[PDB]
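In the block that follows, a single chain appears as structure tokens, in the form deposited in one PDB entry.
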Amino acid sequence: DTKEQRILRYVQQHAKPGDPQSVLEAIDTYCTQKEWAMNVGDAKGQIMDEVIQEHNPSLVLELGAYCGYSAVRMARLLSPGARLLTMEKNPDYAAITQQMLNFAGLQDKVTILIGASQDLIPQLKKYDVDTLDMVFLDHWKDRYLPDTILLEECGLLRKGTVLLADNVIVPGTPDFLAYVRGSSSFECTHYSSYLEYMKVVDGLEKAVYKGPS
């Protein structure tokens, strides 16, 4: 059985149905235990929460999902009428994410889109998306830059749209950080989470779009 299947089984066995906090804790506990991800709730979850609270988005796009942790984390904060779109190419991960949201009682806040972002971002207009208020870029860091370009080119960003990208500790290729920092179209903030230690545990980049030039 896959890691993601085992994460779901553990939630099913230990978390309280319809309780997002219990789901998040159960995922966090099991992953920290297995040394798969260290205290995601403190390293990335709190930054996710504060960005969402700071900008109060009505429409969020999540690019990338694995076991549904991030989708639950975000959907649990959205106000009535606010919605999360979660786009993921791998149907197994999308299926776990769906079941995790069902278990948490958050399925009515989320639309899961299964497919490649190159195919689906240009079709977001068909989901009644004019522009996005926030984008969370997760897991597949080599997609961050090309996905950002596609969002720009499809007119899905407006002045004030917030991009938040996870796991940007080291430069990679394609280099998302160099693009958003270099461009005068994005105002950027870097977050480094150390937890109680001296070494970075997770790094995130917030890039706020200044509007089309």
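So that there is no doubt, residue numbering starts at 1 and follows the sequence shown. Rigid core here is just the name for the largest C-alpha set that superposes within 1.5 Å across the two forms.
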{"property": "Stretch with the higher entry mean CA B-factor, where the candidates are 163-171 and 27-35", "result": "27-35"}
{"property": "Between 56-64 and 37-45 (mean CA B-factor, as deposited), the higher", "result": "37-45"}
{"property": "Top Cα B factor in the deposited entry, candidates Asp202, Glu205, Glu196, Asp19", "result": "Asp19"}
{"property": "Third of chain Cα B-factors occupied by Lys126", "result": "middle"}
{"property": "Ranked against its chain, the third holding the CA B-factor of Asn102", "result": "lowest"}
{"property": "CA B-factor ranking of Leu157, expressed as a third of its chain", "result": "middle"}
{"property": "Chain third (lowest, middle, highest) by recorded CA B-factor, residue given as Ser79", "result": "highest"}
{"property": "Chain third (lowest, middle, highest) by recorded CA B-factor, residue given as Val51", "result": "highest"}
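Keep in mind the form deposited with a small molecule bound is missing from the figure; the text below concerns it.
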property	result
Option from 177-185, 148-156, 28-36, 59-67 whose residues, in the deposited complex, bring a heavy atom within 4.5 Å of the small molecule	59-67
In the deposited complex, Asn90 touching the small molecule (heavy atom, 4.5 Å)	yes
Contact label in the deposited complex: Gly115 to the small molecule, heavy atom within 4.5 Å	yes
Interface membership of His139, the small molecule in the deposited complex, 4.5 Å heavy atom rule	yes
Distance check, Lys109 to the small molecule in the deposited complex, heavy atom within 4.5 Å	no
Interface residue in the deposited complex among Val168, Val162, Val40, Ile52, criterion: non-hydrogen atom within 4.5 angstroms of the small molecule	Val40
Yes/no, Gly41 Cα shift of 2 Å or more between this form and the one not shown with rigid core fixed	yes
Core-superposed comparison between this form and the one not shown, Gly203 Cα displacement 2 Å or beyond	yes
Residue shift check between this form and the one not shown, rigid core fit, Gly160 Cα at least 2 Å	no
Relative Cα spacing, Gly45 and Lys206, in the deposited complex - shift of 3 Å or more	farther
Direction of C-alpha distance change in the deposited complex, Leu204 to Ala15 (at least 3 Å)	farther
